[PDB]
Every structure is written in structure tokens, then in C-alpha cells.
Amino acid sequence: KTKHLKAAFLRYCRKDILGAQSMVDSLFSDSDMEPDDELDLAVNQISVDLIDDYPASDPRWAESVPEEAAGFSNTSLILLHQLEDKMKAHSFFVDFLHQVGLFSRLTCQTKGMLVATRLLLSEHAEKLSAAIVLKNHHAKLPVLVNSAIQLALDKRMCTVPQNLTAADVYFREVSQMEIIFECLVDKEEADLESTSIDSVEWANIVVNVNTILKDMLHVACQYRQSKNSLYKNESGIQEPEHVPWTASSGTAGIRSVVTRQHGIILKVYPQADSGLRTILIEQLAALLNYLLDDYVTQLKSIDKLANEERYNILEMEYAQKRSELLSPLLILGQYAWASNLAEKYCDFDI
Amino acid sequence: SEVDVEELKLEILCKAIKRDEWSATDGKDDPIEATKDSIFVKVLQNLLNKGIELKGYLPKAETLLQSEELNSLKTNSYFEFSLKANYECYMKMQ
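Line by line, the protein sequences give chains L and X.
Mapping to this note's numbering: the first sequence position 116 is 116, numbers consecutive.
Mapping to this note's numbering: the second sequence position 34 is 384, numbers consecutive.
Right under this line is the structure:
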């Protein structure tokens, strides 16, 4: 219940300072229920509800201990450093789970995504707190306009100054600010006047969004190379980090995040009318993006067990008819990138 | 303590913001505090290499007591957005 989550959130408050008291409030949490199938999924919905309050505003564990949690002013201009403090707060939070233990409880189905274990939601809230700092690092008038439109579509904003328009709640849900900064590249595109060779500046703004959605997917990938498991990607751990493991983010293939990627590929309509070097940089870019999508489908297919195989072989045909749709798209493109695409979904021989 | 040191310390740092002029350009904060900025760049003489306790040596200036004077001037609504914002990168400077 709410009382239990609000007692663990108060034992994390003391975990920054000392461990002995908080280790007895985990030992008293072996006065738990102990039936695996749903009550361990009831301390799961507690560890998950705190990993949603550590990416949110000032997390509800704060007050008693005024750590790096503290109610940072929302009238400050310190938005980026304030959110770096929250990736550190969510990092000492994963450590003060790993020691106290916190070695169980596990995602099901969320937004068309199937996920093996709740512990993928800690990794998923971490990857989407690296995404936030990346688009906080890139702040310019086109992106901040595309943001203000997105936020006003989801709901109204308070007009008591406080106008980023906001971000702490659009970090727990930053995935939405990618399906809409695409719909604002398309309504910008309707006024791009790129009917033929006349438009130029307007095919430069469609690429500036393509670069940011791309390096945001680069950041989710490298934060899945910085693992902690001594079995899952040994490189980056106590073993040499000179060779990274599979450059996939271990994303579960969202049916709105994937759709906005297969939308911006079909903005290969610009490479029809564009100067020669420009058509290559957006082609290397759309190659760089698709080599994250084919990587997350590969990581998800690897995790499938032998029974229920009928669903596993149907998900294979679905990815194979998309590597087969990413190929006719690059049959007109440069085949210097075909050698790379073929190695990226490392078969795709046809 | 008789002639009020820390009252004047405020009077000046408050007219140091009135002359700055806190404004807004196209719905965005306008940091007029260019003089307040510069004065806090001028207090530090790099006394880290002079062997002085420069680290933690800006608690001369007040904070909650400042917005008391800002209310008297009627200017709290304009400048309190970047007063605190600059007071964050003045806790990193210090």
C-alpha cells in the first residue's frame, strides 16, 4: 500500500547518510508477504513508483534528508545541472537497492512493449534520463517551439511564469516529445515550399531535427553499454571496455517510437531534390537511426524462450519484412553503406 | 554594529539590480544583471592561489532578506527568476 512505499522512500533518505537503520527496515521487510507471483510484484510496484518520482520533480523521499534530492527552484534557470543531479540521485538509488537487496521483483506489457523483468524499467528510466539531458544540451528556437506545441497538445500549462514550458514530467514521458517534434517537422514541412530545387534552408531544418532524434538514440545506446551486470555485457565492468557489446539500447520496440522512425525514413523524399553532400549526411543519418531499430528487435528476439515459438517466428517475419523495406530504400542510395547495414543486422544477406 | 553594516550591504546590491533593468525579450528572461554578474566576477581575486579561504567566502550577500527589499521597490516579479538562477552558479563559483 501507499504506507509501505512511503516507508521505503524514507529508508532511502537515510541510506545516503548511514546504512544500519535502513538495513533493519529491510530486515523488517522480511516481515513481508513472500509469495513470488504478485506480492513480490507489490514491492516491485514500489521500487518502480520511486524510480518514477526520482525522474519527476523533487522526489517524495526528500524532506527528512536534504541530500541532492532537495526541492530545487522551478523558477531557476538551472534546468540542465538540476537534471544531472537527478541522474546521480537515480544512480545512488540503484546502488542503495543493490546493497540493501532488492534482488527480486519483476514489466509485463506497457504501450505495446513486452519486457522480461522490472529491472529493465530501471534501465529504461535511466536511458530516458540520458535522453532528457541530451535535448537539454541542445536548446535552440526550432526545438523549443516544437516542444511548446507538444506540451500544449498533451495538456494546458500554468502561466505563473514557469515556462520551459516544463520538463520534469516530460522526462518520465520524453517519448512523446519525439512523436510530436516530428509532427512539427511535417507542419514546418508543409510550409517548407520544397516542391522542387528552390527550397534550401527548409531542407536544412528537416536535417537539424534528424540529427537530434539520432544523437538522442545514440545516448540511449551508450547508456546500455555502461551496464553493471558481470554477466550482461562484461565489457564496461571488471572486464576490458575497449570492445563494447551489441550497440542496441535493449529497447522493446515501441509502436509509436518505431512509427516516428519509419516516418522520418520516408522523408527520403528530400534526397530527390537536394545538393550532393547534403543527401549523403542525411543518408548516413537515416542509416545511423535504422541501425538502432534493427538492433533493438534483435535484442528482443534473442530473449525469447523455446515455448510460445509461434509468436517468436511471427515477430521474425515482421523484422525480416522491415530489413527488406529498409533495403529497397537503400537500393537507390549508396551501397558503400550497404556493407555496413548488412553487418549491422549481421546477416540480411538477400 | 552601530551604523548598520549589513543594511548598506543590501541597499547597494539592490540598486545594483534596479540599474540593471530586468526585462524580457519575446517571452524569455532578459539577464540585465550584467553589472551584478560583473561585480561577483570582481570580488574574487583568485585567492585560491593566495592561500585565502576563497572557497565559502561569498556569504557576505543575503538572500531571503534581499527579496524583502525587492518587494519594497515593487520589482520582485521581474527579477526573482534570474536572481535565484544566478545564485545557483554563485554557489558553484564559491
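Note that CB positions come from ideal geometry on N, CA and C, so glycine has one too.
Measure the alpha-carbon distance for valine 100(L) versus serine 91(L) and round it to whole angstroms. Along the first sequence, read from residue 1 onward, the residue named residue 100(L) stands at position 100. Along the first sequence, read from residue 1 onward, the residue named residue 91(L) stands at position 91. The alpha-carbon separation between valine 100(L) and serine 91(L) amounts to approximately 14 Å.
Option in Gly19(L), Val43(L), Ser194(L) with minimal Cα separation from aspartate 30(L): If you number the first sequence from 1, residue 30(L) lands on position 30. Comparing Cα positions, the closest option is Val43(L).
Cβ-based burial, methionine 177(L) [other Cβ within 10 Å; buried from 16]: Start at 1 with the first residue of the first sequence, and residue 177(L) comes out as number 177. Around the beta-carbon of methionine 177(L), 16 or more other beta-carbon atoms lie within 10 Å, marking it buried.
Could you tell me whether the Cβ atoms of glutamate 282(L) and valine 169(L) are closer together than 8 Å? Residue numbering aside, residue 282(L) sits at position 282 when the first sequence is read from its first letter. Residue numbering aside, residue 169(L) sits at position 169 when the first sequence is read from its first letter. Cβ atoms of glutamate 282(L) and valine 169(L): not closer than 8 Å.
On the three-state DSSP scale, how would you describe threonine 375(X)? Against the second sequence, residue 375(X) aligns to sequence position 25. Under the three-state reduction of DSSP output, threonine 375(X) falls in the strand class.
Listed by chain order, chain X residues near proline 161(L) by CB distance under 7 Å: As a working mapping, residue 161(L) is identified with position 161 in the first sequence. Neighbours of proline 161(L) on chain X, chain order: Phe431.
Which one of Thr297(L), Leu79(L), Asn204(L) has the shortest CA to CA distance from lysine 267(L)? Counting from one through the first sequence, the residue named residue 267(L) turns up at place 267. Nearest in C-alpha terms to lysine 267(L), of all of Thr297(L), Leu79(L), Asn204(L), is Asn204(L).
So with CB distances below 7 Å, who are the chain X contacts of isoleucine 78(L)? Taking the first residue of the first sequence as 1, we reach residue 78(L) at position 78. For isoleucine 78(L), the residues of chain X that pass the 7 Å Cβ criterion are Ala435, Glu438, in the order they occur in the chain.
In whole angstroms, what is the alpha-carbon distance linking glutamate 418(X) and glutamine 444(X)? Position 68 of the second sequence, counted from the first residue, corresponds to residue 418(X). Position 94 of the second sequence, counted from the first residue, corresponds to residue 444(X). Cα-Cα distance, rounded: 24 Å.
Between which two residues does the alpha helix (DSSP H) harbouring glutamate 317(L) extend? Working through the first sequence from its first residue, we reach residue 317(L) at position 317. Counting along the chain, the unbroken alpha helix (DSSP H) around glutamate 317(L) starts and ends at 309 to 331.
Residues in the same chain with beta-carbon distance under 8 Å from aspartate 52(L), minus the five sequence neighbours each way, listed in chain order, please. What you label residue 52(L) is simply residue 52 of the first sequence in a count that begins at 1. Taken in chain order, the residues that qualify are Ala125, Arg172.
Note down the Cα distance separating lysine 300(L) from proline 59(L), rounded to an integer number of angstroms. Counted from its first residue, the first sequence places residue 300(L) at position 300. Counted from its first residue, the first sequence places residue 59(L) at position 59. Roughly 32 Å separates the two Cα atoms.
I think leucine 284(L) touches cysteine 221(L), with their Cβ atoms under 8 Å apart; what is that distance to the nearest whole Å? Here the question's residue 284(L) lines up with position 284 in the first sequence. Here the question's residue 221(L) lines up with position 221 in the first sequence. In fact, because the Cβ distance is near 16 Å, the residues do not count as touching under 8 Å.
For the candidate residues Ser47(L), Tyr223(L), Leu10(L), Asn136(L), whose alpha-carbon lies nearest to that of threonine 251(L)? Here residue 251(L) refers to the residue found at position 251 of the first sequence. Ranked by how close their Cα comes to the Cα of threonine 251(L), the residues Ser47(L), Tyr223(L), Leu10(L), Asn136(L) have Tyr223(L) in first place.
If you measure from the beta carbon of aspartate 387(X) to each beta carbon in chain L, is any gap under 8 Å? Here residue 387(X) is taken as the residue at index 37 of the second sequence, counted from 1. Not one chain L Cβ lies under 8 Å of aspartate 387(X).
Spatially closest choice to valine 115(L) from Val160(L), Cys183(L), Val296(L), by CA coordinates: Reading the first sequence from its first residue, position 115 is the one you call residue 115(L). Comparing alpha carbon positions, the residue from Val160(L), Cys183(L), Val296(L) closest to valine 115(L) is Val296(L).
Given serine 274(L), which residues of its chain have a CB within under 7 Å of its CB, disregarding the five upstream and five downstream residues? As a working note, residue 274(L) is residue 274 in the first sequence. Around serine 274(L): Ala203.
Could you name the residues of the same chain whose beta carbon sits closer than 8 Å to that of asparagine 136(L), not counting the 5 residues immediately before and after it, in chain order? The residue you call residue 136(L) lines up with position 136 of the first sequence. Hits under 8 Å: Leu79, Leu80, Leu83, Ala167.
Three or more C-beta pairs below 8 Å linking the segment 143 to 157 of chain L and the segment 105 to 112 of chain L: No: the two stretches stay apart, fewer than three of their Cβ pairs being nearer than 8 Å.
Inspect the beta-carbon positions of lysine 214(L) and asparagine 289(L) and report whether they are closer than 8 Å. Reading the first sequence from its first residue, position 214 is the one you call residue 214(L). Reading the first sequence from its first residue, position 289 is the one you call residue 289(L). Cβ atoms of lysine 214(L) and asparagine 289(L): closer than 8 Å.
Pick from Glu412(X), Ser373(X), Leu423(X) that is closest to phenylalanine 431(X), judged by C-alpha positions: As a first step, residue 431(X) must be located in the second sequence, where it is residue number 81. Taking only the C-alpha atoms, the option nearest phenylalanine 431(X) is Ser373(X).
Within the continuous alpha helix (DSSP H) that includes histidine 138(L), where are the two ends? Locating residue 138(L) in the first sequence gives position 138, where the first residue counts as 1. Note, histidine 138(L): premise wrong, no alpha helix (DSSP H); not H, not E.
Name the chain L residues that come within less than 8 Å of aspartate 379(X), Cβ to Cβ? Residue mapping note: residue 379(X) aligns to position 29 of the second sequence, counting from 1. Near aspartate 379(X) (Cβ distances below 8 Å), the residues of chain L are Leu77.
Considering Cα atoms alone, identify which of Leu230(L), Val209(L), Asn307(L) is closest to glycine 263(L). Numbered from its first residue, the first sequence carries residue 263(L) at position 263. Distance check between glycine 263(L) and each of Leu230(L), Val209(L), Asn307(L) places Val209(L) closest, using alpha-carbon atoms only.
Helix, strand or coil for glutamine 271(L), going by three-state DSSP, please let me know. Here residue 271(L) corresponds to residue number 271 of the first sequence, with the count starting at 1. Secondary structure at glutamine 271(L): helix, using DSSP grouped into helix, strand and coil.
Mind checking if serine 73(L) is an interface residue toward chain X, Cβ cutoff 8 Å exclusive? Here residue 73(L) corresponds to residue number 73 of the first sequence, with the count starting at 1. For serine 73(L), at least one C-beta of chain X is nearer than 8 Å to its own C-beta.
Smallest Cα separation from residue 374(L): which of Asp32(L), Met33(L), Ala8(L)? A question about residue 374(L) goes unanswered here, because the residues of chain L that appear run from 1 up to 350.
Distance between beta carbons of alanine 62(L) and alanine 69(L), contact taken as under 8 Å: Locating residue 69(L) in the first sequence gives position 69, counting from the first residue. Locating residue 62(L) in the first sequence gives position 62, counting from the first residue. At roughly 3 Å, the Cβ-Cβ gap stays under 8 Å, so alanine 69(L) and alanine 62(L) are in contact.
Which of the three DSSP states, helix, strand or coil, is assigned to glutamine 109(L)? In the first sequence, counting from the first residue as 1, residue 109(L) sits at position 109. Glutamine 109(L) falls in the strand class under three-state DSSP.
Residue closest to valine 200(L), alpha-carbon to alpha-carbon, out of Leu128(L), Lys321(L), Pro270(L): Indexing the first sequence from 1 puts residue 200(L) at position 200. Residue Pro270(L) holds the alpha-carbon nearest to the alpha-carbon of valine 200(L) among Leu128(L), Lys321(L), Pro270(L).
Using the Cα positions of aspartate 36(L) and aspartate 49(L), report the straight-line distance between them to the nearest angstrom. For the purposes of this step, residue 36(L) is taken as the residue at position 36 of the first sequence. For the purposes of this step, residue 49(L) is taken as the residue at position 49 of the first sequence. Distance between the alpha carbons of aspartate 36(L) and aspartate 49(L): 19 Å.
Could you spell out where the alpha helix (DSSP H) holding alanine 411(X) opens and where it closes? Along the second sequence, read from residue 1 onward, the residue named residue 411(X) stands at position 61. DSSP places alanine 411(X) outside any alpha helix (DSSP H), giving it a letter other than H or E.
I need the straight-line Cα distance from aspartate 294(L) to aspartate 379(X), nearest angstrom please. In the first sequence, counting from the first residue as 1, residue 294(L) sits at position 294. In the second sequence, counting from the first residue as 1, residue 379(X) sits at position 29. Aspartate 294(L) and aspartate 379(X): Cα-Cα distance of roughly 43 Å.
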